[PDB]
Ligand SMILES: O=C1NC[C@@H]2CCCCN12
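For reference, the chain that follows is the form solved without this ligand, supplied as structure tokens.
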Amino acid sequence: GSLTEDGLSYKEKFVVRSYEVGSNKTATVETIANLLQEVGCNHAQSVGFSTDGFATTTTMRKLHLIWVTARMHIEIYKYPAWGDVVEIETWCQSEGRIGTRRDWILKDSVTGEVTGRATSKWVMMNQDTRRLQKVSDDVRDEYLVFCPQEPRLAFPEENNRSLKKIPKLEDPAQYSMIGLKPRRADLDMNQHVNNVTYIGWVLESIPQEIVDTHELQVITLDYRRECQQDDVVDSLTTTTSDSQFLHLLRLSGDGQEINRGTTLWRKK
């Protein structure tokens, strides 16, 4: 992988692995999400950020502040096949004091055609208290030099799918998968549940008949609270419609919400 000529975006190529594909011999949406995370990490490394946390400047590290995902939105037109090379370009852009957006564009390396796109919203949070505290402009000044200044949007349109409000699923859900728990492979280097695990948990309550006859086109996921290594999760899904679904992840006991989302699927 490498930073582009202007130093304001990063590109990397990935050869799709045998264990990374589903029944259609194409990459799963969790494999895609893992590659988006990897290219994001390599972009942070390329611009001088340390391996300590993820994209924290020395000022954020001093203040015990970290970046946390509030939303992930992924649209895939074609999933890359096993052995194919997919090229991914990523960049970030400030959205004022609220937070930062990281965008991605996925391409077929042979044809140069855009096969997918993604966007995410990130906020600054104190790692110890979990509060989105007052921070001050001197922190943001440190990041601005690594971002393009003119707007560069993977989803440029005003009021597009990536910015839509997601409602809360009401009981009874049409489908459910109960008692989901993370294992050691689901944890990151800091012993926190990796963000991709929640995508997998959302998709666990989609009926097998849908997975067998459709392809996932769009997934939008909000992140409200983390699942601790000892928490247990219930995955709920209701058809709202192409087939569209509303999703809710909540802690098995008291029903505390950890994520909400929507998926759009097209017939194969």
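Heads up: residue numbers just count along the shown sequence, starting at 1. Only residues modelled in both forms are compared. Take the two forms, find the largest set of C-alpha atoms that superpose within 1.5 Å, and that set is the rigid core.
- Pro207, present in the displayed chain, carries coordinates in each of the other PDB entries compared that cover both sides of it, far from a third leaving it out.
- In every other compared PDB entry of this protein that covers both flanking sides, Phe49 is modelled, so it falls short of the one-third threshold for missing coordinates.
- The gap between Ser241 and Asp242 holds 10 or more unmodelled residues of the deposited sequence.
- Higher mean CA temperature factor, per the PDB entry, when comparing 11-19 with 253-261: 253-261.
- 132-140 and 98-106 differ in mean CA B-factor, and the higher of the two is recorded for 132-140.
- Based on the entry's C-alpha B-factors, the most elevated value among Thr28, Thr213, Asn34, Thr237 belongs to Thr213.
- In the deposited coordinates, the residue among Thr119, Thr197, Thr111, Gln174 with the greatest CA B-factor is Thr111.
- Looking at the C-alpha B-factors along this chain, the one for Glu226 belongs to the middle third.
- For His64, the recorded CA B-factor ranks within the middle third of the chain. Only modelled residues enter the ranking.
- Per the PDB record, residue ranking by Cα B-factor puts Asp52 in the highest third of the chain.
- The PDB entry assigns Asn160 a C-alpha temperature factor belonging to the highest third of its chain's modelled residues.
- In this PDB entry, the Cα temperature factor of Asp84 sits in the middle third of its chain's modelled residues.
Absent from the display: the form deposited with this ligand bound. The rest refers to it.
- This chain is displayed alone, yet in the bound PDB entry one of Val233, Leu236, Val68, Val218 has a heavy atom within 4.5 Å of this ligand; that residue is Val68.
- For the chain shown alone, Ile178 is not a contact residue for this ligand in the bound PDB entry, no non-hydrogen atom being within 4.5 angstroms.
- Remark: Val123 counts among the residues lining this ligand in the bound PDB entry, judged by a heavy atom distance of 4.5 Å or less.
- This ligand is not shown here, but in the bound PDB entry it comes within 4.5 Å of a heavy atom of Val47.
- Residue contact check for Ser241: none of its heavy atoms lie within 4.5 Å of this ligand in the bound PDB entry.
- Interface residues of 196-235, taken as those with a heavy atom within 4.5 Å of this ligand in the bound PDB entry (partner not displayed): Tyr223, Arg224, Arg225, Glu226, in sequence order.
- With the rigid core aligned between the shown form and the other one, the listed residues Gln149, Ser136, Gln191, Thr111 include just one Cα displaced by at least 2 Å, namely that of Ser136.
- Annotation for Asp52: C-alpha shift of 2 angstroms or more between the shown form and the other one, rigid core superposed.
- Annotation: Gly53/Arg61 CA-CA distance longer in the bound PDB entry than in the displayed model, change of at least 3 Å.
- After superposition on the rigid core, residues whose Cα atoms move by 2 Å or more in runs of at least three fall at 50-54, 133-136 between the shown form and the other one.
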